[PDB]
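*Asks:* To be precise about what I am sending: the file is called input-v6.txt and holds compact mmCIF, C-alpha atoms and all ligand atoms.
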```txt
# COMPACT_ATOMS: atom_id res chain seq x y z
CA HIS A 1 45.09 19.26 -13.29
CA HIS A 2 41.51 19.47 -11.92
CA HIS A 3 40.74 19.24 -8.22
CA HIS A 4 39.53 15.99 -6.76
CA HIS A 5 38.61 15.12 -3.20
CA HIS A 6 40.96 12.96 -1.22
CA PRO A 7 40.26 9.28 -1.98
CA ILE A 8 37.69 7.49 0.18
CA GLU A 9 38.58 4.05 1.58
CA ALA A 10 35.99 1.34 2.07
CA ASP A 11 35.67 -2.45 2.24
CA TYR A 12 33.30 -2.94 -0.72
CA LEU A 13 32.48 -0.54 -3.58
CA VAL A 14 29.13 -1.43 -5.14
CA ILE A 15 28.61 -0.11 -8.67
CA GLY A 16 24.87 0.43 -9.23
CA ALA A 17 22.09 1.18 -6.72
CA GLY A 18 19.31 -0.80 -8.40
CA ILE A 19 17.82 -3.88 -6.70
CA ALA A 20 21.08 -5.83 -7.25
CA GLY A 21 23.44 -3.31 -5.67
CA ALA A 22 20.94 -2.33 -2.99
CA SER A 23 20.24 -5.91 -1.88
CA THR A 24 23.91 -6.97 -1.92
CA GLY A 25 24.90 -3.71 -0.13
CA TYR A 26 22.17 -4.25 2.49
CA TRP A 27 23.55 -7.63 3.53
CA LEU A 28 27.20 -6.42 3.33
CA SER A 29 26.63 -3.25 5.33
CA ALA A 30 26.57 -4.82 8.82
CA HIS A 31 30.04 -6.26 8.22
CA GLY A 32 32.17 -3.50 6.70
CA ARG A 33 32.22 -0.10 5.04
CA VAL A 34 29.90 -0.10 1.97
CA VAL A 35 29.92 2.68 -0.63
CA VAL A 36 27.34 2.36 -3.42
CA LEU A 37 28.20 4.45 -6.51
CA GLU A 38 25.19 5.17 -8.75
CA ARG A 39 25.36 7.10 -12.07
CA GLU A 40 21.82 8.51 -12.09
CA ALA A 41 20.28 11.09 -9.79
CA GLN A 42 17.98 8.38 -8.36
CA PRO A 43 18.69 4.65 -7.69
CA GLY A 44 15.66 3.10 -9.47
CA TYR A 45 15.65 4.97 -12.82
CA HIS A 46 16.62 1.85 -14.86
CA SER A 47 15.30 -1.69 -14.67
CA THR A 48 14.35 -1.73 -10.98
CA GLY A 49 11.83 1.08 -11.56
CA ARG A 50 10.36 -0.51 -14.68
CA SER A 51 9.17 -3.96 -13.58
CA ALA A 52 5.70 -3.75 -12.00
CA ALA A 53 7.11 -6.77 -10.33
CA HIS A 54 5.39 -9.92 -9.72
CA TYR A 55 6.58 -12.96 -7.71
CA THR A 56 6.12 -16.76 -8.52
CA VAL A 57 8.02 -19.19 -8.62
CA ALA A 58 5.76 -22.06 -10.18
CA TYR A 59 7.67 -21.08 -13.24
CA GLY A 60 12.88 -19.09 -15.57
CA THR A 61 14.42 -22.43 -14.35
CA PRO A 62 15.82 -24.47 -11.62
CA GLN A 63 18.28 -21.82 -10.40
CA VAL A 64 15.79 -18.95 -10.78
CA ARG A 65 13.00 -20.85 -9.07
CA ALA A 66 15.28 -21.73 -6.15
CA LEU A 67 16.46 -18.12 -5.70
CA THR A 68 12.84 -16.94 -5.88
CA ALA A 69 11.55 -19.56 -3.42
CA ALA A 70 14.42 -18.79 -1.01
CA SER A 71 13.53 -15.07 -1.07
CA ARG A 72 9.98 -15.35 0.17
CA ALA A 73 10.85 -15.67 3.85
CA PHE A 74 12.43 -12.22 3.83
CA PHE A 75 9.65 -10.64 1.76
CA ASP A 76 6.90 -11.89 4.00
CA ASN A 77 8.75 -11.45 7.29
CA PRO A 78 11.50 -8.80 6.93
CA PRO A 79 13.40 -7.54 9.95
CA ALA A 80 11.64 -5.07 12.25
CA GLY A 81 12.05 -1.58 10.98
CA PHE A 82 12.91 -2.71 7.41
CA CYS A 83 9.69 -1.21 5.99
CA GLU A 84 6.29 0.21 7.07
CA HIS A 85 3.88 -1.94 5.10
CA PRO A 86 3.64 -5.53 3.72
CA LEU A 87 5.96 -6.10 0.77
CA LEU A 88 3.77 -8.72 -0.94
CA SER A 89 0.11 -8.49 -2.06
CA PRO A 90 -1.79 -11.65 -3.13
CA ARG A 91 -1.81 -12.07 -6.93
CA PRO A 92 -2.20 -15.59 -8.30
CA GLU A 93 -0.86 -16.22 -11.80
CA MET A 94 -2.90 -17.89 -14.54
CA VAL A 95 -0.97 -19.04 -17.64
CA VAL A 96 -3.50 -19.52 -20.43
CA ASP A 97 -3.01 -21.72 -23.48
CA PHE A 98 -4.01 -19.59 -26.46
CA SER A 99 -2.05 -21.88 -28.85
CA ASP A 100 -3.84 -25.28 -28.37
CA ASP A 101 -0.72 -27.03 -27.05
CA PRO A 102 -1.97 -29.39 -24.38
CA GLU A 103 1.37 -31.22 -24.15
CA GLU A 104 3.13 -27.99 -23.32
CA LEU A 105 0.40 -26.97 -20.91
CA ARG A 106 0.65 -30.35 -19.11
CA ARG A 107 4.47 -30.02 -19.05
CA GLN A 108 4.31 -26.64 -17.36
CA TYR A 109 1.62 -27.87 -14.90
CA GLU A 110 3.71 -30.92 -13.84
CA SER A 111 6.88 -28.85 -13.59
CA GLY A 112 5.24 -26.05 -11.58
CA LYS A 113 3.46 -28.49 -9.24
CA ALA A 114 6.82 -29.93 -8.24
CA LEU A 115 7.74 -26.62 -6.55
CA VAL A 116 4.14 -25.39 -5.82
CA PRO A 117 1.93 -28.24 -4.64
CA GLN A 118 -1.14 -25.98 -4.91
CA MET A 119 -0.52 -25.61 -8.68
CA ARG A 120 -3.73 -26.40 -10.62
CA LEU A 121 -4.56 -27.42 -14.18
CA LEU A 122 -7.66 -25.62 -15.46
CA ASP A 123 -9.94 -26.31 -18.37
CA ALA A 124 -11.00 -23.46 -20.66
CA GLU A 125 -14.26 -22.84 -18.81
CA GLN A 126 -12.39 -22.44 -15.49
CA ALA A 127 -9.96 -19.94 -17.03
CA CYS A 128 -12.84 -17.91 -18.44
CA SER A 129 -14.65 -17.91 -15.05
CA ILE A 130 -11.56 -16.28 -13.46
CA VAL A 131 -11.02 -13.61 -16.18
CA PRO A 132 -14.49 -13.29 -17.78
CA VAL A 133 -13.34 -10.99 -20.62
CA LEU A 134 -11.41 -13.94 -22.14
CA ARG A 135 -12.74 -15.12 -25.50
CA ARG A 136 -13.74 -18.74 -24.92
CA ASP A 137 -12.87 -19.72 -28.51
CA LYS A 138 -9.31 -18.52 -27.98
CA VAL A 139 -8.71 -20.47 -24.72
CA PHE A 140 -7.65 -24.10 -24.52
CA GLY A 141 -6.80 -24.50 -20.81
CA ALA A 142 -4.56 -22.88 -18.20
CA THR A 143 -2.34 -23.41 -15.23
CA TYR A 144 -3.10 -21.55 -11.96
CA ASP A 145 -0.65 -20.70 -9.20
CA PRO A 146 -2.61 -19.61 -6.08
CA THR A 147 0.64 -18.51 -4.39
CA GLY A 148 1.76 -15.70 -6.74
CA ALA A 149 2.18 -12.19 -5.37
CA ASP A 150 2.70 -8.61 -6.43
CA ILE A 151 5.86 -7.02 -4.98
CA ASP A 152 5.98 -3.47 -3.65
CA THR A 153 9.27 -2.90 -5.42
CA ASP A 154 9.77 0.67 -4.35
CA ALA A 155 9.23 -0.18 -0.67
CA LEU A 156 11.58 -3.15 -0.97
CA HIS A 157 14.23 -1.16 -2.84
CA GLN A 158 14.08 1.77 -0.45
CA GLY A 159 14.20 -0.64 2.50
CA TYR A 160 17.46 -2.12 1.29
CA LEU A 161 18.97 1.35 0.71
CA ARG A 162 17.83 2.60 4.11
CA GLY A 163 19.38 -0.43 5.77
CA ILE A 164 22.71 0.36 4.15
CA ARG A 165 22.59 3.92 5.49
CA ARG A 166 21.58 2.78 8.97
CA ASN A 167 24.75 0.62 8.98
CA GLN A 168 26.81 3.73 8.13
CA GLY A 169 27.13 2.80 4.47
CA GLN A 170 26.92 5.48 1.78
CA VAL A 171 24.58 5.49 -1.22
CA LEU A 172 25.97 8.08 -3.60
CA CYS A 173 23.89 9.10 -6.63
CA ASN A 174 25.38 11.28 -9.40
CA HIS A 175 28.52 9.16 -8.93
CA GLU A 176 29.01 7.34 -12.24
CA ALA A 177 32.09 5.10 -12.16
CA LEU A 178 34.16 6.63 -15.00
CA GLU A 179 37.40 4.71 -14.57
CA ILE A 180 38.31 1.55 -12.62
CA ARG A 181 41.89 0.48 -11.90
CA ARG A 182 43.64 -2.01 -9.59
CA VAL A 183 46.03 0.31 -7.66
CA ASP A 184 48.06 -0.68 -4.59
CA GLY A 185 46.05 -3.76 -3.65
CA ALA A 186 42.64 -2.21 -4.12
CA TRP A 187 40.13 -1.50 -6.80
CA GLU A 188 40.10 2.26 -7.28
CA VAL A 189 37.07 3.87 -8.96
CA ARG A 190 37.22 7.41 -10.32
CA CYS A 191 33.98 9.38 -10.17
CA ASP A 192 33.79 12.95 -11.45
CA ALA A 193 34.56 14.62 -8.06
CA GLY A 194 36.91 12.06 -6.46
CA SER A 195 37.95 8.45 -6.18
CA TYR A 196 36.99 5.49 -4.01
CA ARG A 197 39.11 2.48 -3.01
CA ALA A 198 38.33 -0.95 -1.66
CA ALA A 199 39.63 -4.50 -1.86
CA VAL A 200 36.30 -5.60 -3.38
CA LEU A 201 34.54 -4.15 -6.46
CA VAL A 202 30.94 -5.37 -6.55
CA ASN A 203 29.68 -5.06 -10.14
CA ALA A 204 25.88 -4.63 -9.80
CA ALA A 205 25.48 -2.31 -12.82
CA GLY A 206 22.43 -4.00 -14.43
CA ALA A 207 22.58 -3.97 -18.22
CA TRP A 208 25.98 -2.20 -17.87
CA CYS A 209 27.80 -4.98 -15.97
CA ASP A 210 29.97 -5.91 -18.99
CA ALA A 211 30.73 -2.20 -19.55
CA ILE A 212 32.05 -2.02 -15.96
CA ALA A 213 34.22 -5.09 -16.63
CA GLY A 214 35.48 -3.21 -19.71
CA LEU A 215 36.63 -0.25 -17.60
CA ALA A 216 38.43 -2.67 -15.25
CA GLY A 217 40.08 -4.86 -17.90
CA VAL A 218 38.11 -7.94 -16.73
CA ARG A 219 36.77 -10.45 -19.30
CA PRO A 220 32.99 -9.84 -19.67
CA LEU A 221 30.26 -12.44 -19.32
CA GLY A 222 28.47 -11.88 -22.62
CA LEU A 223 25.49 -10.16 -21.01
CA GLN A 224 22.67 -9.41 -23.44
CA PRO A 225 20.17 -6.66 -22.49
CA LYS A 226 16.71 -7.27 -23.91
CA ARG A 227 13.94 -4.68 -24.21
CA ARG A 228 10.50 -5.37 -22.75
CA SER A 229 7.79 -2.71 -23.04
CA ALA A 230 4.63 -2.34 -20.95
CA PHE A 231 1.69 0.05 -20.67
CA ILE A 232 -1.14 1.02 -18.38
CA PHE A 233 -4.70 1.49 -19.70
CA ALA A 234 -8.19 1.95 -18.32
CA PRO A 235 -10.63 -0.96 -18.17
CA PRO A 236 -13.97 -0.46 -19.99
CA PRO A 237 -16.81 0.93 -17.91
CA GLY A 238 -18.55 -1.88 -15.97
CA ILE A 239 -15.52 -4.25 -15.89
CA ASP A 240 -14.36 -4.74 -12.26
CA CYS A 241 -10.94 -6.19 -12.79
CA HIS A 242 -9.19 -5.33 -9.59
CA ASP A 243 -9.01 -8.96 -8.31
CA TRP A 244 -8.02 -10.64 -11.57
CA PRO A 245 -4.81 -12.74 -11.48
CA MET A 246 -1.66 -12.03 -13.44
CA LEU A 247 -2.63 -13.52 -16.83
CA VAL A 248 0.15 -14.69 -19.14
CA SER A 249 -0.03 -16.49 -22.49
CA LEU A 250 1.54 -20.00 -22.53
CA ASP A 251 3.96 -18.92 -25.28
CA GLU A 252 4.70 -15.61 -23.40
CA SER A 253 3.16 -13.60 -26.29
CA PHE A 254 1.57 -11.12 -23.83
CA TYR A 255 0.53 -10.59 -20.24
CA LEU A 256 -2.18 -8.58 -18.49
CA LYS A 257 -2.50 -7.77 -14.78
CA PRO A 258 -4.42 -5.31 -12.62
CA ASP A 259 -2.48 -2.31 -11.29
CA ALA A 260 -4.74 -0.85 -8.75
CA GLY A 261 -7.83 0.19 -10.65
CA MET A 262 -6.02 0.16 -14.05
CA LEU A 263 -4.67 -2.66 -16.23
CA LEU A 264 -1.04 -3.31 -17.12
CA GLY A 265 -0.44 -4.94 -20.49
CA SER A 266 2.73 -6.03 -22.24
CA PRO A 267 3.78 -7.92 -25.41
CA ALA A 268 6.33 -9.66 -23.13
CA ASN A 269 9.08 -8.93 -25.64
CA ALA A 270 12.80 -9.61 -25.42
CA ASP A 271 14.35 -7.55 -28.26
CA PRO A 272 18.16 -7.58 -27.95
CA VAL A 273 19.60 -4.09 -27.56
CA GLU A 274 22.66 -2.31 -26.14
CA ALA A 275 22.62 -0.99 -22.57
CA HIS A 276 21.00 2.45 -22.69
CA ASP A 277 18.07 4.43 -21.27
CA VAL A 278 15.52 2.38 -23.19
CA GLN A 279 12.21 3.75 -24.40
CA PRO A 280 9.13 1.86 -25.56
CA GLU A 281 8.78 1.21 -29.28
CA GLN A 282 5.40 1.89 -30.84
CA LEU A 283 5.39 -1.56 -32.48
CA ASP A 284 5.83 -3.16 -29.03
CA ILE A 285 2.84 -1.25 -27.61
CA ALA A 286 0.67 -1.84 -30.69
CA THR A 287 1.46 -5.59 -30.64
CA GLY A 288 0.56 -5.94 -26.97
CA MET A 289 -2.69 -4.08 -27.45
CA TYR A 290 -3.55 -6.13 -30.56
CA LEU A 291 -2.98 -9.43 -28.75
CA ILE A 292 -5.05 -8.39 -25.72
CA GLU A 293 -7.91 -7.24 -27.98
CA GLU A 294 -7.76 -10.58 -29.83
CA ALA A 295 -7.67 -12.78 -26.67
CA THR A 296 -10.35 -10.79 -24.75
CA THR A 297 -13.35 -8.57 -25.25
CA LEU A 298 -11.36 -5.53 -23.99
CA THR A 299 -10.93 -2.55 -26.22
CA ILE A 300 -7.94 -0.29 -25.43
CA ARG A 301 -8.11 3.42 -25.45
CA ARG A 302 -4.92 5.26 -25.28
CA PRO A 303 -2.49 4.29 -22.63
CA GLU A 304 -1.99 6.42 -19.56
CA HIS A 305 1.63 5.32 -19.26
CA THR A 306 4.09 3.45 -21.50
CA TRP A 307 7.66 2.43 -20.79
CA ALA A 308 10.31 -0.16 -21.51
CA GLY A 309 13.11 -1.65 -19.45
CA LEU A 310 16.06 -3.97 -19.91
CA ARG A 311 16.02 -7.62 -18.81
CA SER A 312 19.65 -8.74 -19.14
CA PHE A 313 20.76 -12.34 -19.58
CA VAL A 314 23.79 -14.58 -19.98
CA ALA A 315 23.70 -17.53 -22.28
CA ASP A 316 22.10 -20.08 -19.89
CA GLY A 317 19.43 -17.71 -18.53
CA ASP A 318 20.68 -18.11 -14.94
CA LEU A 319 21.76 -15.31 -12.54
CA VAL A 320 25.40 -14.72 -11.65
CA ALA A 321 26.81 -14.07 -8.18
CA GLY A 322 30.52 -14.84 -7.75
CA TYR A 323 34.08 -13.59 -7.98
CA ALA A 324 35.56 -13.32 -11.46
CA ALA A 325 38.08 -16.01 -12.31
CA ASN A 326 41.55 -14.63 -12.44
CA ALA A 327 40.49 -11.04 -11.34
CA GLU A 328 41.08 -10.68 -7.62
CA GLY A 329 38.37 -8.83 -5.71
CA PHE A 330 36.02 -8.31 -8.74
CA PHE A 331 32.61 -9.74 -7.87
CA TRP A 332 29.74 -10.10 -10.36
CA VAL A 333 26.11 -9.55 -9.28
CA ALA A 334 24.65 -9.84 -12.75
CA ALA A 335 22.25 -11.41 -15.28
CA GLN A 336 19.10 -10.78 -13.24
CA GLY A 337 17.01 -11.26 -16.41
CA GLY A 338 13.28 -11.00 -15.71
CA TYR A 339 13.74 -12.02 -12.10
CA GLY A 340 15.83 -9.41 -10.25
CA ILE A 341 13.12 -8.23 -7.89
CA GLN A 342 11.69 -11.63 -6.91
CA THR A 343 15.15 -13.13 -6.36
CA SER A 344 16.68 -10.10 -4.63
CA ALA A 345 16.61 -11.25 -1.00
CA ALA A 346 18.36 -14.55 -1.77
CA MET A 347 20.73 -12.94 -4.27
CA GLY A 348 21.61 -10.17 -1.85
CA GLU A 349 22.25 -12.53 1.05
CA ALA A 350 24.13 -15.08 -1.07
CA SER A 351 26.29 -12.52 -2.86
CA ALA A 352 27.22 -10.75 0.38
CA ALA A 353 28.15 -14.10 2.03
CA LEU A 354 30.32 -15.08 -0.95
CA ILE A 355 31.98 -11.65 -1.15
CA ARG A 356 32.91 -12.13 2.55
CA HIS A 357 34.31 -15.65 1.86
CA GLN A 358 31.51 -17.19 3.99
CA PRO A 359 29.45 -20.34 3.27
CA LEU A 360 26.00 -19.74 1.96
CA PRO A 361 23.57 -19.58 4.85
CA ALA A 362 21.70 -22.81 5.68
CA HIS A 363 18.31 -21.56 4.72
CA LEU A 364 19.63 -20.80 1.22
CA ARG A 365 21.35 -24.17 0.89
CA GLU A 366 18.08 -25.87 1.92
CA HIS A 367 16.40 -24.41 -1.14
CA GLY A 368 18.90 -26.17 -3.41
CA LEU A 369 21.39 -23.32 -3.99
CA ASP A 370 25.14 -23.72 -4.00
CA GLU A 371 28.06 -21.60 -4.87
CA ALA A 372 28.83 -23.38 -8.18
CA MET A 373 25.31 -22.78 -9.50
CA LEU A 374 25.78 -19.01 -8.98
CA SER A 375 29.38 -18.66 -10.21
CA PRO A 376 30.38 -17.02 -13.56
CA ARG A 377 32.83 -19.93 -13.97
CA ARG A 378 29.99 -22.16 -15.18
CA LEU A 379 29.66 -20.10 -18.43
CA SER A 380 33.12 -21.37 -19.51
CA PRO A 381 34.42 -24.88 -20.24
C1 LIG A 401 8.67 -4.71 -18.22
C2 LIG A 401 9.48 -5.49 -17.19
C3 LIG A 401 8.86 -6.39 -16.35
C4 LIG A 401 9.57 -7.05 -15.34
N1 LIG A 401 8.88 -7.88 -14.45
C5 LIG A 401 9.55 -8.39 -13.39
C6 LIG A 401 8.91 -9.14 -12.43
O1 LIG A 401 7.66 -9.41 -12.47
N2 LIG A 401 9.67 -9.70 -11.41
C7 LIG A 401 11.02 -9.51 -11.31
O2 LIG A 401 11.63 -10.05 -10.35
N3 LIG A 401 11.68 -8.74 -12.21
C8 LIG A 401 10.96 -8.23 -13.23
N4 LIG A 401 11.66 -7.51 -14.19
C9 LIG A 401 13.14 -7.57 -14.14
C10 LIG A 401 13.76 -6.53 -13.21
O3 LIG A 401 13.35 -5.23 -13.68
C11 LIG A 401 15.30 -6.63 -13.33
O4 LIG A 401 15.72 -7.99 -13.21
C12 LIG A 401 16.00 -5.88 -12.18
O5 LIG A 401 15.41 -4.59 -12.03
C13 LIG A 401 17.48 -5.76 -12.47
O6 LIG A 401 18.05 -4.97 -11.39
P1 LIG A 401 19.57 -4.48 -11.50
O7 LIG A 401 19.89 -3.87 -10.20
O8 LIG A 401 20.42 -5.56 -12.08
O9 LIG A 401 19.47 -3.35 -12.65
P2 LIG A 401 19.14 -1.77 -12.58
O10 LIG A 401 17.93 -1.50 -11.75
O11 LIG A 401 19.13 -1.26 -13.97
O12 LIG A 401 20.33 -1.14 -11.75
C14 LIG A 401 21.67 -1.03 -12.32
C15 LIG A 401 22.16 0.32 -11.87
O13 LIG A 401 23.55 0.43 -12.30
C16 LIG A 401 23.75 1.81 -12.59
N5 LIG A 401 25.00 1.94 -13.35
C17 LIG A 401 25.26 1.52 -14.61
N6 LIG A 401 26.47 1.87 -15.02
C18 LIG A 401 27.01 2.56 -13.96
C19 LIG A 401 28.25 3.23 -13.78
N7 LIG A 401 29.19 3.35 -14.76
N8 LIG A 401 28.46 3.80 -12.57
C20 LIG A 401 27.54 3.74 -11.62
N9 LIG A 401 26.30 3.18 -11.71
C21 LIG A 401 26.11 2.61 -12.92
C22 LIG A 401 22.49 2.18 -13.36
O14 LIG A 401 22.34 3.59 -13.52
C23 LIG A 401 21.39 1.47 -12.55
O15 LIG A 401 20.74 2.31 -11.60
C24 LIG A 401 10.95 -6.82 -15.19
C25 LIG A 401 11.58 -5.93 -16.06
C26 LIG A 401 10.86 -5.26 -17.03
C27 LIG A 401 11.56 -4.21 -17.89
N1 LIG A 402 5.50 -15.14 -14.45
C1 LIG A 402 5.56 -15.79 -15.61
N2 LIG A 402 5.26 -17.08 -15.63
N3 LIG A 402 5.93 -15.08 -16.67
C2 LIG A 402 5.59 -13.65 -16.75
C3 LIG A 402 6.85 -12.79 -16.77
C4 LIG A 402 6.71 -11.51 -15.94
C5 LIG A 402 8.08 -10.94 -15.63
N4 LIG A 402 8.84 -11.22 -14.56
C6 LIG A 402 8.77 -10.02 -16.64
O1 LIG A 402 8.07 -9.41 -17.47
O2 LIG A 402 10.02 -10.02 -16.54
```
Please express what this file holds, its structure, as structure tokens.
Ligand SMILES: Cc1cc2nc3c(=O)[nH]c(=O)nc-3n(C[C@H](O)[C@H](O)[C@H](O)COP(=O)(O)OP(=O)(O)OC[C@H]3O[C@@H](n4cnc5c(N)ncnc54)[C@H](O)[C@@H]3O)c2cc1C
Ligand SMILES: N=C(N)NCCCC(=N)C(=O)O
*Replies:*
Amino acid sequence: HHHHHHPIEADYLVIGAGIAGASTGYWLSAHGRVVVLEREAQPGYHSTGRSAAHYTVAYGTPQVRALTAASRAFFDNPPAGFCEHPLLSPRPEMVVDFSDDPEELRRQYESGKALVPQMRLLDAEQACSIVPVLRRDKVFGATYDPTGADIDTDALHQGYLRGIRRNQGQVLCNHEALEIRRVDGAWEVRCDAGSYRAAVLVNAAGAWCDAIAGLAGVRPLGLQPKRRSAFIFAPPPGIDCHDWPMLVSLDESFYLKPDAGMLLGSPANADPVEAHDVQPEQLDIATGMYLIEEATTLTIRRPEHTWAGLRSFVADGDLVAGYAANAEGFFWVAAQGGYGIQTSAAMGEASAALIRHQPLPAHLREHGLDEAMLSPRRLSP
């Protein structure tokens, strides 16, 4: 009974315009008609705008580390015209043992060194020389990754979206997918003003990927969104922190990193929650501030900014890029966890290749990636 536009035909409908949908759509867009359907009025309102992203490697898991390592080539040397300014800024990471767990510290050093030969093992004095506000009594040693970097997430994100548009793709905000149905050989998505059809449905909906499967009648993966809060605060007068590394506790109880001339802190939490527009909890912010004030001489005045975002995982902690078993044309780009920005170039290129029934590109295979490692089929016996 209500008017709708005539349906729009495409080759791939991408649900979600965050880093997952943008990166996959970027690499698809040279090959066919891409339409990205995004619920919000902007593409980076959810997790992709909430990360203050950092890059490493040295450290998630074999699959995560391989996706991250394979992404660096694009970040450091993206195609001409992709963006105006460098995407990465140097920002070593120092993981400090505040627990007195030398065996764990040595484990993480040996493991990181295997992918990052410049990985170093520091004693407590060396850690305190690098971040001089550390309390020496609280520090037992550290690892140091000289190769870490900060990511200009908004430039990267906007570069992917711009590339889609330059290849005649569409990025449509205020286009929540409300219904999804397999109709005459295509996936057909109803948005509030009209419908969209394509042989391939690319589910890149962040914390909402299982909700999208629910609209489509496709068995979900068991994705678990987890809240992480962060805040920005001023350093004390006389503390010149702008060149400090990313500092993380060995047991991931907190982290602290410069963000320009301010400091970013976080309790590095992972509280399981439903997919929603998540807000910071006061106990998260108070805990992060408490732990920083205990580990360092800093005292924290009232934050300038607080927020939280969702880091969404499947059971094994690995990302998912692959067609659903038994659901023709439904492709998952999911379970980015805490790693969606730093893995986005390899995930985007790999997912687009697999959607198109193509082998993974050599340079990805050389970093120890294969289709099986990415597939949702591994979550089932
Ligand atoms: C505090 C914090 C720190 C982090 N640090 C880092 C870091 O250092 N490095 C790193 O790589 N990552 C980091 N992350 C993780 C990173 O934020 C996520 O992995 C990444 O942003 C996930 O991207 P996404 O595209 O899957 O999700 P999102 O950006 O949330 O995008 C999903 C999109 O789908 C849309 N959508 C949902 N349902 C529908 C629907 N029905 N119709 C249409 N659109 C829909 C949403 O509106 C949203 O825009 C951090 C995250 C947090 C919160
Ligand atoms: N880099 C580490 N070794 N751990 C710090 C995690 C930072 C991060 N990607 C996040 O908050 O999701």
*Asks:* Write out as a list in words which residues come within 8 Å of region 47-53 of chain A when counting only C-alpha atoms, dropping same-chain ones fewer than 2 positions away.
*Replies:*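 Answer for this query is residues 18, 19, 44, 45, 55, 150, 151, 152, 153, 154, 206, 307, 308, 309, 310, 311, 340, 341 and 342 of chain A.
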*Asks:* State, in Å with one decimal place, the distance from CA of residue 286 (chain A) to CA of residue 270 (chain A).
*Replies:* 15.3 Å
*Asks:* Restricting the calculation to only C-alpha atoms, which member of A:290, A:313, A:187, A:339 is positioned closest to residue 13 (chain A)?
*Replies:* A:187
*Asks:* Mind checking which residues fall within 12 Å of residue 351 (chain A), counting only C-alpha atoms, ignoring those fewer than 5 positions away in the same chain, and posting them as a short mmCIF file (atom, residue, chain, number, x, y, z; two decimals) with C-alpha atoms, keeping the file's coordinate frame?
*Replies:*
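Here's the written file out_21.cif:
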```
data_model
loop_
_atom_site.label_atom_id
_atom_site.label_comp_id
_atom_site.auth_asym_id
_atom_site.auth_seq_id
_atom_site.Cartn_x
_atom_site.Cartn_y
_atom_site.Cartn_z
CA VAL A 14 29.13 -1.43 -5.14
CA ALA A 20 21.08 -5.83 -7.25
CA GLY A 21 23.44 -3.31 -5.67
CA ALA A 22 20.94 -2.33 -2.99
CA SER A 23 20.24 -5.91 -1.88
CA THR A 24 23.91 -6.97 -1.92
CA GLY A 25 24.90 -3.71 -0.13
CA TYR A 26 22.17 -4.25 2.49
CA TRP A 27 23.55 -7.63 3.53
CA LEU A 28 27.20 -6.42 3.33
CA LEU A 67 16.46 -18.12 -5.70
CA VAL A 202 30.94 -5.37 -6.55
CA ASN A 203 29.68 -5.06 -10.14
CA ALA A 204 25.88 -4.63 -9.80
CA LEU A 319 21.76 -15.31 -12.54
CA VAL A 320 25.40 -14.72 -11.65
CA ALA A 321 26.81 -14.07 -8.18
CA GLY A 322 30.52 -14.84 -7.75
CA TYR A 323 34.08 -13.59 -7.98
CA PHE A 331 32.61 -9.74 -7.87
CA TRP A 332 29.74 -10.10 -10.36
CA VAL A 333 26.11 -9.55 -9.28
CA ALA A 334 24.65 -9.84 -12.75
CA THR A 343 15.15 -13.13 -6.36
CA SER A 344 16.68 -10.10 -4.63
CA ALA A 345 16.61 -11.25 -1.00
CA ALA A 346 18.36 -14.55 -1.77
CA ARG A 356 32.91 -12.13 2.55
CA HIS A 357 34.31 -15.65 1.86
CA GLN A 358 31.51 -17.19 3.99
CA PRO A 359 29.45 -20.34 3.27
CA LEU A 360 26.00 -19.74 1.96
CA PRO A 361 23.57 -19.58 4.85
CA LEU A 364 19.63 -20.80 1.22
CA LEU A 369 21.39 -23.32 -3.99
CA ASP A 370 25.14 -23.72 -4.00
CA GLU A 371 28.06 -21.60 -4.87
CA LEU A 374 25.78 -19.01 -8.98
CA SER A 375 29.38 -18.66 -10.21
#
```
*Asks:* Give me, please, the distance in Å between CA of residue 5 (chain A) and CA of residue 158 (chain A), quoted to one decimal.
*Replies:*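 Separation between CA of residue 5 (chain A) and CA of residue 158 (chain A): 28.1 Å.
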*Asks:* List as a ChimeraX atom specification the protein and nucleic acid residues lying within 9 Å of ligand LIG 402 (chain A), with only C-alpha atoms and all ligand atoms counted.
*Replies:* /A:51-60,93-95,148,228-230,246-250,252,254-255,266,268-269,311,337-342
*Asks:* Would you give me, as a tab-separated table, each residue of region 107-127 of chain A having an atom within 12 Å of an atom of region 62-65 of chain A, along with its shortest atom pair and that distance in Å to one decimal, using all atoms listed in the file and sorting by chain and residue number?
*Replies:*
```
residue	atom	partner	partner_atom	distance
A:111	CA	A:62	CA	10.1
A:112	CA	A:65	CA	9.7
A:114	CA	A:65	CA	11.0
A:115	CA	A:65	CA	8.2
A:116	CA	A:65	CA	10.5
```
*Asks:* When you count only C-alpha atoms, which of these residues is closest to residue 231 (chain A): A:174, A:306, A:296, A:326?
*Replies:*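 Closest to residue 231 (chain A) of all the choices is A:306.
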*Asks:* Can you work out which one of A:149, A:234, A:17, A:253 has the shortest atom-to-atom distance to residue 99 (chain A), counting all atoms listed in the file?
*Replies:* A:253
*Asks:* What does the distance between CA of residue 283 (chain A) and CA of residue 241 (chain A) come to in Å, to one decimal place?
*Replies:*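 Those two atoms sit 26.0 Å apart.
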*Asks:* Would you mind listing what lies within 10 Å of residue 84 (chain A) as a ChimeraX atom specification, with all atoms listed in the file counted and same-chain residues fewer than 3 positions away left out?
*Replies:* /A:80-81,87,155,159
*Asks:* Applying 6 Å and only C-alpha atoms, which residues near region 194-201 of chain A remain after dropping the ones on its own chain fewer than 6 positions away? List them as number ranges by chain.
*Replies:* A: 4-5, 7-13, 186-188, 329-330
